[PDB]
Amino acid sequence: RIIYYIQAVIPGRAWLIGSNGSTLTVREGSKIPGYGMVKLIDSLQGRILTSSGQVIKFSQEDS
Amino acid sequence: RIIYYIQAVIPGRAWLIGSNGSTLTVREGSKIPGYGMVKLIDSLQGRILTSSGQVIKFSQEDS
Amino acid sequence: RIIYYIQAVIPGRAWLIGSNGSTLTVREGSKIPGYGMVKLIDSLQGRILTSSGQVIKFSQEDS
Amino acid sequence: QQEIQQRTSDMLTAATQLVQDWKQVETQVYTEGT
Amino acid sequence: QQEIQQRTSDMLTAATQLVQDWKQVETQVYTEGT
Amino acid sequence: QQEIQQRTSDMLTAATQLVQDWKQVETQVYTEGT
Amino acid sequence: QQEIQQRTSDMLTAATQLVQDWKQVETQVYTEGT
Amino acid sequence: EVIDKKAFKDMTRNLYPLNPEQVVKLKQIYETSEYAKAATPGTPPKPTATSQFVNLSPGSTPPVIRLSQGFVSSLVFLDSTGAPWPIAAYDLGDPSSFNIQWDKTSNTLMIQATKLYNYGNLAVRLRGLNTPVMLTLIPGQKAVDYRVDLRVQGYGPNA
Amino acid sequence: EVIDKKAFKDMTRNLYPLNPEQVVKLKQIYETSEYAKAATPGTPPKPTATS
Amino acid sequence: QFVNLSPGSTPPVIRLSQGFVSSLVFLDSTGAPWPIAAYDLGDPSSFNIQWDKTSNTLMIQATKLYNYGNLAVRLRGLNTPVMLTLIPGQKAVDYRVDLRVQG
């Protein structure tokens with residue numbers, strides 16, 4: 001599948017980058033392909049909770 | 001049918017865009033083709049109530 | 001017949017436009033062809049009362 | 001009784017401002033273009 | 001009782017500022033480019 | 001009782017500075033290079 | 001008891017200078033050589 | 001050694017009287033007050049573009065322009081065929097209610113209303129006409145005219 | 001700890017003496033006053049062109 | 001967006017935000033740029049416009065939170081002015097708007 005990584009996060013929004021180079025921006029209730037619905041955007045600590053249980057974080061080599 | 005989306009909303013008016021590219025503006029009591037009579041324009045949260053029961057909101061990809 | 005629509009209204013007068021493009025102005029006691037006598041000019045809410053029972057209002061597409 | 005004259009003096013101040021605003025009429029302005 | 005008269009004076013100060021701001025209308029600006 | 005009135009006056013001074021800082025918006029700057 | 005209020009006023013003087021020094025950010029300098 | 005903990009927490013409350021949770025609540029109070037101040041009573045007018053024919057007979061009524069306070073309305077003058085008709089001069093009554101911007105050669109007038117419910121008239125003289133064109137200007141209606149195309153009965157210098 | 005809630009609600013009432021509901025009602029009072037000021041007594045005259 | 005100069009259509013809407021820059025670029029029906037002759041802005045206390053006097057791009061910044069107005073733009077070859085409305089404080093902000101004019 002496609003893995004998404006956090007590029008920048010403020011309260012409210014989050015800018016994401018995928019393994020294909022595609023760039024997205026998401027809000028509190030939003031759709032991510034392959035992940036589902038955004039459940040919680042937590043601006044501190046760089047964590048995004050998703051309805052499928054997966055957690056989107058910063059990249060390990062870019063943090 | 002034709003799906004309408006909220007483009008901008010203030011108290012009183014709302015500007016709409018359709019799937020055909022047509023643009024409209026509506027008031028509290030007004031006619032929408034395929035929807036009926038406007039019942040409530042609620043400027044906060046981007047919701048418009050319609051007499052047929054359908055709810056016109058912002059577009060998912062443009063919000 | 002001919003349908004008349006309110007174009008502008010202040011206290012006292014009202015400016016009307018017809019389906020034939022003819023433009024009129026009326027006072028409290030005045031004659032309208034096909035309608036009768038003006039009974040009440042209501043500057044608020046855009047309603048004109050006529051002796052035949054018909055009500056002249058703003059146009060639906062221009063209001 | 002005492003509150004009547006206090007209300008009367010407040011209305012006289014507001015009525016004097018309303019009357020002199022209705023007195024003012026400005027001159028027309030003619031603009032020539034070339 | 002006297003807390004009503006104190007609250008009324010604070011609302012009159014705020015309402016005078018709100019009405020004065022609604023009076024102000026700025027003239028349009030025409031910009032010509034060449 | 002009197003410690004509430006002392007705490008209220010400290011928050012009113014800090015809230016005035018916060019609101020006044022949020023009012024300020026600086027005009028954009030256009031830079032042309034040649 | 002009174003030694004707490006004397007210590008608190010000494011800490012407020014030092015904390016004000018520390019916060020004021022952290023606000024200062026100096027603008028970058030571009031040096032062109034030819 | 002216990003005194004140093006007591007002095008630190010009392011100094012922090014004096015230095016920052018508002019919590020980070022209370023700063024967030026105050027910012028929501030401030031923007032809600034700005035939303036209610038900028039909201040318009042009733043419904044706002046509908047922005048429209050119109051087109052009228054102007055008859056210079058001594059029986060007809062002068063045309064009506066609908067305006068709004070702080071908004072711009074553009075008036076463009078055309079002849080019977082549809083070509084533009086340039087403006088020679090204009091004369092405005094009650095300049096305290098209306099403001100007009102005009103470059104001295106074109107055929108477009110841009111009028112802004114200054115007051116809410118005060119109305120007046122305007123005199124417009126075209127280049128080839130001898131009869132002046134009379135308009136009335138009423139603000140504060142249920143519709144606002146963004147642009148009015150005016151058809152004048154004669155033939156202009158362009159045809 | 002309960003003092004901080006009491007001081008916060010009293011500070012808000014001094015900072016904003018008018019509710020968002022009361023700002024909306026005051027704007028309707030203001031524009032109704034200008035409508036009565038600008039209204040003409042009787043009927044306005046009819047605009048005519050003559051020869 | 002496509003802009004229609006018919007006397008029945010509605011003027012287009014621009015979504016802005018306080019402190020942010022929105023750029024509007026004017027194109028014709030084929031897609032070529034259309035230079036601007038002049039512009040007229042109502043309520044200059046709510047919006048700020050930067051423009052070099054020859055190009056076809058306007059850069060507008062909103063100054064207030066929820067105050068809205070209109071704007072008139074005259075192009076080089078057109079006689080009909082273009083009317084726009086400017087509403088800030090929405091759920092979307094326009095970084096760039098492409099406008100097709102009918103002529």
Side-chain angles (χ1 to χ4, degrees), chain C residues 4-18 21-33 35-51 56-58, chain D residues 18-30, chain H residues 52-69 73 75 90-98 100 109 111 113-125 131-143 145 148 150, chain I residues 34-51:
Chain C
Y4 276 107
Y5 288 118
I6 294 183
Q7 189 168 39
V9 54
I10 58 172
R13 321 276 312 183
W15 285 260
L16 313 173
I17 190 167
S22 52
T23 62
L24 284 49
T25 178
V26 285
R27 66 185 184 273
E28 180 63 80
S30 182
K31 300 289 94 175
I32 298 175
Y35 279 78
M37 185 153 84
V38 183
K39 185 177 180 180
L40 168 83
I41 291 187
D42 189 359
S43 72
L44 312 173
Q45 308 157 325
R47 304 193 317 130
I48 296 175
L49 277 296
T50 314
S51 86
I56 305 182
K57 291 174 71 175
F58 262 91
Chain D
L18 276 165
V19 162
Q20 65 182 357
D21 274 350
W22 289 327
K23 298 291 180 68
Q24 282 152 213
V25 166
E26 293 180 354
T27 318
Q28 49 180 356
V29 168
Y30 185 81
Chain H
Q52 288 177 75
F53 169 71
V54 178
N55 189 359
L56 301 182
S57 284
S60 51
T61 75
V64 183
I65 314 310
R66 281 94 52 91
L67 309 153
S68 192
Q69 194 201 35
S73 287
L75 294 174
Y90 69 95
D91 186 38
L92 167 72
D94 193 6
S96 59
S97 312
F98 310 101
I100 298 176
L109 292 168
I111 314 189
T114 316
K115 292 181 181 179
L116 274 166
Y117 304 111
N118 290 138
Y119 85 108
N121 64 358
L122 168 81
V124 170
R125 322 182 52 205
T131 301
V133 176
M134 305 276 102
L135 277 296
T136 182
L137 316 166
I138 297 89
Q141 298 298 294
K142 290 197 162 180
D145 275 322
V148 185
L150 293 170
Chain I
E34 316 278 329
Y35 194 81
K37 182 175 174 66
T40 77
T43 183
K46 183 191 167 130
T48 44
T50 59
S51 170

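Just so it is clear: chains get the letters A, B, ... in the order the sequence lines come, proteins before strands, and each one is counted from 1.
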Please list, chain by chain and in numerical order, all residues satisfying side chain to side chain donor-acceptor pair (under 3.5 Å) with [X], sequence neighbours excluded.
| X | result |
| --- | --- |
| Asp94(H) | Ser96(H), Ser97(H) |
| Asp91(H) | none |
| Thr23(C) | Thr61(H) |

Side-chain heavy-atom pair [X], [Y] within 4.5 angstrom cut-off:
| X | Y | result |
| --- | --- | --- |
| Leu150(H) | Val133(H) | no |
| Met134(H) | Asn121(H) | no |
| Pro62(H) | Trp15(C) | no |
| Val29(D) | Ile100(H) | no |
| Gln7(C) | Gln141(H) | no |
| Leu122(H) | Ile111(H) | yes |

Show me the donor-acceptor pairs within less than 3.5 Å that the side chains of residues 38-49 of chain C make with the rest of the protein, sequence neighbours left out.
unit_1   : atom_1 : unit_2   : atom_2 : d
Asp42(C) : OD1    : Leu44(C) : N      : 3.4
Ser43(C) : OG     : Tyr35(I) : OH     : 2.7

Heavy-atom closest contact ([X] atom, [Y] atom, distance):
| X | Y | answer |
| --- | --- | --- |
| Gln52(H) | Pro63(H) | OE1-CB, 3.4 Å |
| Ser51(C) | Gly36(C) | OG-CA, 4.2 Å |
| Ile6(C) | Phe58(C) | O-CD2, 3.4 Å |

Taking atom [atom1] of [X] and atom [atom2] of [Y], what is their separation to the nearest 0.5 Å?
| X | Y | atom1 | atom2 | result |
| --- | --- | --- | --- | --- |
| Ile65(H) | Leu135(H) | CD1 | CG | 4.5 Å |
| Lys31(C) | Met37(C) | NZ | CE | 4.5 Å |
| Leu24(C) | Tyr4(C) | CG | OH | 4.5 Å |
| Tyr119(H) | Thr136(H) | OH | OG1 | 6.5 Å |

All pairs passing side chain to side chain donor-acceptor pair (under 3.5 Å) where residues 19-28 of chain D contributes a residue, at least two apart: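 The answer is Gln17(D)-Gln20(D).
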With side chain to side chain donor-acceptor pair (under 3.5 Å) as the rule and sequence neighbours excluded, what pairs involving residues 37-49 of chain I come up?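 Output for this query is empty, none listed.
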Let me see the working for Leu109(H) and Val124(H) under side-chain contact (heavy atoms from CB on, under 4.5 Å), right down to the final yes or no. CA-CA 10 Å; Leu109(H) 292 168; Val124(H) 170; 4.1 Å; yes
Would you check if the side chain of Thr50(C) reaches a backbone N or O of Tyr35(C) as a donor-acceptor pair within less than 3.5 Å?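 No.
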Quick one: does any side-chain atom of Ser73(H) pair with a main-chain N or O of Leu67(H) as donor and acceptor, under 3.5 Å?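 It does not hold such a pair.
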